[PDB]
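Q: Dumping the structure here so I can ask a few things about it.
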Amino acid sequence: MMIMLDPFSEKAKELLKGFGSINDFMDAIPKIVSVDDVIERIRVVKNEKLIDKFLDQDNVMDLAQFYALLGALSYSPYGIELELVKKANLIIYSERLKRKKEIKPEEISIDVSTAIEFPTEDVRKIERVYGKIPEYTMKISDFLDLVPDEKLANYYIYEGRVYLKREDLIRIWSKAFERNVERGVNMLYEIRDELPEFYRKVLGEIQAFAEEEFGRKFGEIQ
C-alpha cells in the first residue's frame with residue numbers, strides 16, 4: 001500500500017522534496033494542518049483507541065502533522081516534549097508497521113525486508129530455540145549500527161543478513177527513528193526563527209498536555 005511507515009524514508013523524502021526546501025515545506029504545514037489536529041496525534045499516548053483513525057491517513061497529512069511537532073520542538077529539544085513526540089509517533093508508526101505484508105525498500109529508512117522463504121535445513125533448530133520463525137531480515141551493518149550493545153551471536157544469520165522476529169524489528173527500528181527525530185529536530189534549530197506563530201503555538205499545546213498528563217498521574221488514585 002501507500003501508507004507512511006517511516007517519515008524519514010526515501011519515500012517521504014521526495015514527498016516533502018516537492019514543496020521545495022525544508023523552509024518552503026515548513027511554511028506550508030501551517031496552511032494544511034491545524035494545531036488541534038497535531039495535538040490530536042500526541043494524545044494517542046493516553047487512549048489506545050486514538051490509534052486507529054491514524055492507521056490509514058494520507059501521507060502528506062502524516063508528514064505535515066509530524067514535521068509540525070518536530071518544528072514545535074526546535075524551541076524545546078530535550079524535555080518530555082521531545083520524549084512525547086517520539087513516543088506518540090513511535091506508536092502510530094510501529095502500529096502501521098506491524099501490520100504490513102511486503103515492506104518496500106523505499107518505505108523504510110533502514111535496509112530491512114520481509115523473509116519470504118526460510119532455509120528448510122534450520123527450521124526446527126530455530127523453533128527449538130525461539131519458538132516461531134523470524135519474519136524479517138535486515139542488513140547486518142545496520143543492525144550493528146543501531147544496537148551496539150547486542151550480539152549477532154544471539155540471532156540467526158543467512159545469506160548475509162540477520163533474521164528478526166517482528167518484535168525485534170520494531171524494537172531495533174525504534175532506535176533508528178528516535179535518532180532521526182533528533183537529527184531532524186536540531187536541523188530545524190537553524191531556521192527556527194523563520195517559523196510562523198504556528199510552531200510556537202503547537203509547542204505550548206504539547207507542554208499543556210504533559211502538565212495535564214503529569215498533574216493527573218501524580219495527584220490521581222483516591
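Every chain in the C-alpha cells takes a letter, A first, then B, and so on in the order presented; its residues are numbered from 1, and the ligands are numbered from 1 following the presented order.
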Need the shell around residue 64 in chain A: protein/DNA/RNA residues with any atom at most 9 Å away, counting only C-alpha atoms. Skip same-chain ones fewer than 5 positions apart. Format as a PDB file with N, CA and C atoms, in the first residue's frame?

A:
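Output contents, as saved in around.pdb:
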```pdb
ATOM      1  N   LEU A  16       8.245  15.264   0.421  1.00  0.00           N
ATOM      2  CA  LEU A  16       8.321  16.600   1.007  1.00  0.00           C
ATOM      3  C   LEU A  16       9.374  17.449   0.276  1.00  0.00           C
ATOM      4  N   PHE A  25       8.512  23.975   2.725  1.00  0.00           N
ATOM      5  CA  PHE A  25       7.618  22.959   3.245  1.00  0.00           C
ATOM      6  C   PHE A  25       7.121  23.418   4.598  1.00  0.00           C
ATOM      7  N   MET A  26       8.051  23.920   5.397  1.00  0.00           N
ATOM      8  CA  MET A  26       7.733  24.383   6.734  1.00  0.00           C
ATOM      9  C   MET A  26       6.696  25.509   6.746  1.00  0.00           C
ATOM     10  N   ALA A  28       4.335  25.839   4.478  1.00  0.00           N
ATOM     11  CA  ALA A  28       3.109  25.214   4.003  1.00  0.00           C
ATOM     12  C   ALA A  28       2.377  24.413   5.073  1.00  0.00           C
ATOM     13  N   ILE A  29       3.122  23.786   5.975  1.00  0.00           N
ATOM     14  CA  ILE A  29       2.500  22.971   7.005  1.00  0.00           C
ATOM     15  C   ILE A  29       1.375  23.666   7.767  1.00  0.00           C
ATOM     16  N   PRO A  30       1.595  24.912   8.224  1.00  0.00           N
ATOM     17  CA  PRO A  30       0.533  25.619   8.963  1.00  0.00           C
ATOM     18  C   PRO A  30      -0.728  25.870   8.122  1.00  0.00           C
ATOM     19  N   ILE A  32      -1.956  23.651   6.142  1.00  0.00           N
ATOM     20  CA  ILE A  32      -2.502  22.330   5.836  1.00  0.00           C
ATOM     21  C   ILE A  32      -3.134  21.655   7.054  1.00  0.00           C
ATOM     22  N   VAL A  33      -2.474  21.765   8.206  1.00  0.00           N
ATOM     23  CA  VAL A  33      -2.964  21.165   9.447  1.00  0.00           C
ATOM     24  C   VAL A  33      -3.188  22.237  10.498  1.00  0.00           C
ATOM     25  N   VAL A  38      -2.724  18.439  15.222  1.00  0.00           N
ATOM     26  CA  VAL A  38      -1.419  17.937  15.634  1.00  0.00           C
ATOM     27  C   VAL A  38      -1.432  17.379  17.051  1.00  0.00           C
ATOM     28  N   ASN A  59      -0.436  10.358   3.362  1.00  0.00           N
ATOM     29  CA  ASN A  59       0.963  10.532   3.706  1.00  0.00           C
ATOM     30  C   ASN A  59       1.366  11.991   3.924  1.00  0.00           C
ATOM     31  N   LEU A  69       5.012  18.821  14.693  1.00  0.00           N
ATOM     32  CA  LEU A  69       5.507  18.501  16.023  1.00  0.00           C
ATOM     33  C   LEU A  69       7.026  18.725  16.091  1.00  0.00           C
TER      34      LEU A  69
END
```

Q: Would you pick out the contacts of residue 112 in chain A at 8 Å or less, using only C-alpha atoms, so that residues sharing its chain but fewer than 4 positions from it are not included, and give the list as a PyMOL selection string?

A: chain A and resi 103+105+108+136-139

Q: Go through A:89, A:154, A:23, A:76 one by one, measure the shortest atom-to-atom distance of each to residue 194 in chain A using only C-alpha atoms, and give the residue with the smallest value.

A: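 Under the stated criterion, the closest residue is A:23.
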
Q: Contacts of residue 191 in chain A at 12 Å or less, counting only C-alpha atoms, minus same-chain residues fewer than 2 places along, as JSON, numbers by chain?

A: {"A": [21, 22, 23, 24, 26, 27, 71, 74, 75, 185, 186, 187, 188, 189, 193, 194, 195, 196, 199]}

Q: Write the residues of the preceding selection, restricted to N, CA, C and O atoms, as an mmCIF file, in the first residue's frame.

A:
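Dumped everything to out-v6.cif:
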```cif
data_model
loop_
_atom_site.group_PDB
_atom_site.id
_atom_site.type_symbol
_atom_site.label_atom_id
_atom_site.label_comp_id
_atom_site.auth_asym_id
_atom_site.auth_seq_id
_atom_site.Cartn_x
_atom_site.Cartn_y
_atom_site.Cartn_z
ATOM 1 N N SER A 21 12.066 23.590 -0.577
ATOM 2 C CA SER A 21 13.015 23.368 0.507
ATOM 3 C C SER A 21 12.296 23.025 1.804
ATOM 4 O O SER A 21 11.064 23.039 1.873
ATOM 5 N N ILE A 22 13.078 22.709 2.829
ATOM 6 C CA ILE A 22 12.531 22.366 4.132
ATOM 7 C C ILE A 22 11.803 23.581 4.677
ATOM 8 O O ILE A 22 10.857 23.457 5.456
ATOM 9 N N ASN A 23 12.252 24.758 4.252
ATOM 10 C CA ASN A 23 11.671 26.010 4.706
ATOM 11 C C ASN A 23 10.345 26.276 4.009
ATOM 12 O O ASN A 23 9.383 26.729 4.637
ATOM 13 N N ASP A 24 10.298 25.982 2.712
ATOM 14 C CA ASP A 24 9.082 26.176 1.935
ATOM 15 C C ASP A 24 8.053 25.192 2.452
ATOM 16 O O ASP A 24 6.870 25.519 2.595
ATOM 17 N N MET A 26 8.051 23.920 5.397
ATOM 18 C CA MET A 26 7.733 24.383 6.734
ATOM 19 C C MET A 26 6.696 25.509 6.746
ATOM 20 O O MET A 26 5.904 25.604 7.672
ATOM 21 N N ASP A 27 6.689 26.357 5.724
ATOM 22 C CA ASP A 27 5.703 27.436 5.667
ATOM 23 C C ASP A 27 4.330 26.902 5.279
ATOM 24 O O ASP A 27 3.294 27.434 5.699
ATOM 25 N N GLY A 71 8.894 20.747 14.380
ATOM 26 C CA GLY A 71 9.219 22.161 14.371
ATOM 27 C C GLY A 71 8.884 22.819 15.690
ATOM 28 O O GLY A 71 9.564 23.747 16.129
ATOM 29 N N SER A 74 11.872 22.563 17.930
ATOM 30 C CA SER A 74 13.113 23.275 17.656
ATOM 31 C C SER A 74 13.312 24.324 18.762
ATOM 32 O O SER A 74 14.409 24.843 18.959
ATOM 33 N N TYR A 75 12.233 24.604 19.488
ATOM 34 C CA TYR A 75 12.227 25.576 20.574
ATOM 35 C C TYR A 75 12.403 24.946 21.961
ATOM 36 O O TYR A 75 12.620 25.661 22.935
ATOM 37 N N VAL A 185 15.095 17.365 14.472
ATOM 38 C CA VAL A 185 14.737 18.495 15.310
ATOM 39 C C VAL A 185 15.852 19.521 15.402
ATOM 40 O O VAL A 185 15.584 20.715 15.457
ATOM 41 N N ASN A 186 17.102 19.071 15.418
ATOM 42 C CA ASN A 186 18.211 20.012 15.511
ATOM 43 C C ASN A 186 18.575 20.669 14.180
ATOM 44 O O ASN A 186 19.210 21.716 14.162
ATOM 45 N N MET A 187 18.175 20.072 13.062
ATOM 46 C CA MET A 187 18.466 20.685 11.773
ATOM 47 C C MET A 187 17.431 21.781 11.546
ATOM 48 O O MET A 187 17.524 22.552 10.588
ATOM 49 N N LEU A 188 16.446 21.846 12.439
ATOM 50 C CA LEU A 188 15.397 22.855 12.355
ATOM 51 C C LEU A 188 15.678 24.019 13.285
ATOM 52 O O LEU A 188 14.957 25.007 13.285
ATOM 53 N N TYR A 189 16.725 23.903 14.086
ATOM 54 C CA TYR A 189 17.082 24.973 15.009
ATOM 55 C C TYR A 189 17.737 26.127 14.242
ATOM 56 O O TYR A 189 17.691 27.281 14.671
ATOM 57 N N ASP A 193 13.865 30.433 13.513
ATOM 58 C CA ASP A 193 13.439 31.823 13.614
ATOM 59 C C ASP A 193 12.421 32.201 12.537
ATOM 60 O O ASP A 193 11.464 32.926 12.808
ATOM 61 N N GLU A 194 12.628 31.698 11.320
ATOM 62 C CA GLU A 194 11.732 31.972 10.195
ATOM 63 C C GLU A 194 10.406 31.235 10.316
ATOM 64 O O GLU A 194 9.564 31.316 9.420
ATOM 65 N N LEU A 195 10.216 30.517 11.416
ATOM 66 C CA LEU A 195 8.986 29.765 11.600
ATOM 67 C C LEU A 195 7.832 30.662 12.029
ATOM 68 O O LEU A 195 8.023 31.601 12.796
ATOM 69 N N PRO A 196 6.618 30.387 11.520
ATOM 70 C CA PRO A 196 5.398 31.141 11.826
ATOM 71 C C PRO A 196 4.956 30.986 13.279
ATOM 72 O O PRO A 196 5.412 30.086 13.992
ATOM 73 N N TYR A 199 4.214 27.073 14.783
ATOM 74 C CA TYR A 199 5.090 26.159 15.507
ATOM 75 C C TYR A 199 5.245 26.437 16.991
ATOM 76 O O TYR A 199 5.313 25.508 17.797
#
```

Q: For the strand (DSSP E) assignment from backbone DSSP, which residues of range 10-162 of chain A qualify? Please present them as a ChimeraX atom specification.

A: /A:112-114,136-139,156-158,161-162

Q: Keeping only C-alpha atoms, take the residues you just selected and write them out as a tab-separated table (two decimals), in the first residue's frame.

A:
```
chain	number	residue	atom	x	y	z
A	112	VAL	CA	15.01	-4.17	6.22
A	113	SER	CA	12.83	-6.57	4.26
A	114	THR	CA	10.47	-9.45	4.73
A	136	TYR	CA	12.11	-10.29	8.65
A	137	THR	CA	15.76	-9.83	7.74
A	138	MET	CA	17.98	-6.77	7.96
A	139	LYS	CA	21.38	-5.65	6.74
A	156	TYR	CA	20.11	-16.32	13.02
A	157	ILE	CA	22.14	-15.17	10.03
A	158	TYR	CA	21.71	-16.49	6.50
A	161	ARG	CA	21.56	-10.86	6.54
A	162	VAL	CA	20.21	-11.18	10.10
```

Q: Run DSSP on the backbone and give me the residues of range 51-196 of chain A it puts in alpha helix (DSSP H), as a ChimeraX atom specification.

A: /A:52-55,59-73,80-97,123-130,140-146,166-187

Q: So, with only C-alpha atoms as the atoms that count, which of A:55, A:4, A:35, A:153 lies closest to residue 95 in chain A?

A: A:55

Q: Can you work out the spacing between CA of residue 134 in chain A and CA of residue 151 in chain A in Å, to one decimal?

A: 16.7 Å

Q: Of the candidates A:51, A:146, A:140, A:123, which one gets nearest to residue 92 in chain A if we count only C-alpha atoms?

A: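 Of A:51, A:146, A:140, A:123, the one nearest residue 92 in chain A is A:51, counting only C-alpha atoms.
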